[PDB]
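First come two forms of one protein chain, each written alone as structure tokens, so that there is a structure 1 and a structure 2.
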Structure 1
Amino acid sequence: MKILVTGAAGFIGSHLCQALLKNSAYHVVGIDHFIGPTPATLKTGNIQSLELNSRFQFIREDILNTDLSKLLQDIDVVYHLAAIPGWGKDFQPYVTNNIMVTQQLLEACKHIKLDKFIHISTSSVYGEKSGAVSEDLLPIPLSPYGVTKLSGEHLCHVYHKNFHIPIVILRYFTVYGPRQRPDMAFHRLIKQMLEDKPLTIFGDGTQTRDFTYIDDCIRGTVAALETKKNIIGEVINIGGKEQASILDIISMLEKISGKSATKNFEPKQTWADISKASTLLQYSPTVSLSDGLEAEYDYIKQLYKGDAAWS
């Protein structure tokens, strides 16, 4: 079996490619152009181990400036994770990389026999919801990111209905752990704690949110390929084991580091409904925040203060 992962040098793509290659039957092609919020310097480390694997092929090209028929020959499964995640005149890159990229990939998949086109989307499509967020909820995105990613999902349905591209949509809720993007909250809090600085906190930080450890996110993503259920056409939430406030997270980080944080200071309560994923994917997130945060803490320590080839 041969699998294309778009955005394979990114946070989630780099872990997915590695989880796929544990199956000695799987061959992976990753494509990544090294753009978006993570600098290329920091990003190179994400694929260090990946490029040691003989069954991994890496292409450093823009999806919009590459031979797609060539990239897609002999591909059984596409995992599409390439995106600009996380305004003004900054808007064009979101349209180019979240809408035009998805449309051009889907166009090139018409002339191709895929088992699955697994399109990765985001909980930012939903906008604001108190309580359980389920896949039947009317999406009202409140960011440019959310708007352009939801547009990507809608193109998946257009190409499924019109040309029978076997699309699956996974909506990831906040994913954290080793390799988390530097623009994301846990990375920023941990780097501030390591540097004895004030921890930036927007609002009073008691609002509780859903968080998914990378390894739980990746098990759910792999199960989208390996499930015996018919999931073609479905939208599936992939969300976390435990929910926590930004003040709970800092509590657990102070326990981890044995430091104390100079805190520098919107539904109260929201979580992913993961019942569709439980039923269709046997998905069950198993990693605790305390284990997950320890692993992210050690990663960020080594990233900025260490001497690894990926420092």
Structure 2
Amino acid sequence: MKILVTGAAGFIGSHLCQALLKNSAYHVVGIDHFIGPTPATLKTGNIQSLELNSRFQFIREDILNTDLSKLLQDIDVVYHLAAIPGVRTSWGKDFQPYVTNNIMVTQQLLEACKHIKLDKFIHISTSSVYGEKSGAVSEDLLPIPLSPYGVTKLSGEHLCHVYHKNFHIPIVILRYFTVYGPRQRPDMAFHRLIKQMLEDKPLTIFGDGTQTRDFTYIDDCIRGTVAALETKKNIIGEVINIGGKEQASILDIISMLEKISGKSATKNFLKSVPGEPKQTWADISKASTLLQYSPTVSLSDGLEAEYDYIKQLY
């Protein structure tokens, strides 16, 4: 089958392409405009192995300018990961690119899929739609985003439901929870903190560091994401959380990094970022039931993998 992966040069997209191309029966088309927080130099590094594979076609174009008829021709499955991520930079004049790349891109892809015969349109969304919630969050919970980023991602999901119900586009929504590992974007906490610790520079903590996340190792995320394509059971119209093995605070993470490096971190405590929840915590019962999803990578192992990646990168 032929699979389109949007945002194929990004953190998660590049890994997903690599995992799909392990199946010799799969051909992948990747499209990426090299925008968002990650410098082009890092994205080039993300796709260098992919571009050698004869079953990978790479298109460096904006989805809003590209020929979507040409892009979607004989596509069987769409993985839509293209987006602008980032809570802090989603305020004031920085908001327009979130609207353009998270809302308009999703509408224009879904429009182009109306007369195509897809098996699946697998739309990647975020735990950021939930906002500030207590306990493990299930997919039937009323989302109240806390950031403009989260609002634009939730509008994407809502467009998926619109095109599903009206035009029978076979949508599946995955909500990822803070993904980390090799190739993590340089604006995310583990990349920043590891880079800072390697350079013997202060570790930047937003707020007091007691905030927690459901951190999801990249190989766990990708196993869940591939399972959504490979299942034969009807998951069309479903929203599925994809979460991690072990939750932790930023202080817990820094302690674990200090154990890996054998260094002691200098900490700088900055003001809390408006729009960030204090806690995220997935209920992954539904992914367990529908996808046989079970995350298996510990934080200690995942963090050493990212630590090694960042050290080698710089």
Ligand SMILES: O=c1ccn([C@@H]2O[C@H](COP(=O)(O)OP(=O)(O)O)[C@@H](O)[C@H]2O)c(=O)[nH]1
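Only residues modelled in both forms are compared. In this text, rigid core is short for the largest set of C-alphas that superpose within 1.5 Å between two forms. Residue numbering: sequential along structure 1, first residue numbered 1.
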Quiz prompt | Selected structure - criterion: the form deposited without the ligand | solution = 1
Practice problem: Go through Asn162, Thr206, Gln92, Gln73 and flag the only one whose CA is off by 2 Å or more between structure 1 and structure 2, rigid core held fixed. | Solution: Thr206
Quiz item: To one decimal place, what C-alpha displacement in Å is found for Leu52 between structure 1 and structure 2 with the rigid core superposed?
Solution: 1.1
Practice problem: Check the Cα of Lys228 between structure 1 and structure 2 on a core superposition and give its shift in Å. | Solution: 2.3
Quiz prompt | Consecutive-residue runs (3+) with Cα displacement of 2 Å or more between structure 1 and structure 2, core aligned | solution = 206-208, 266-270
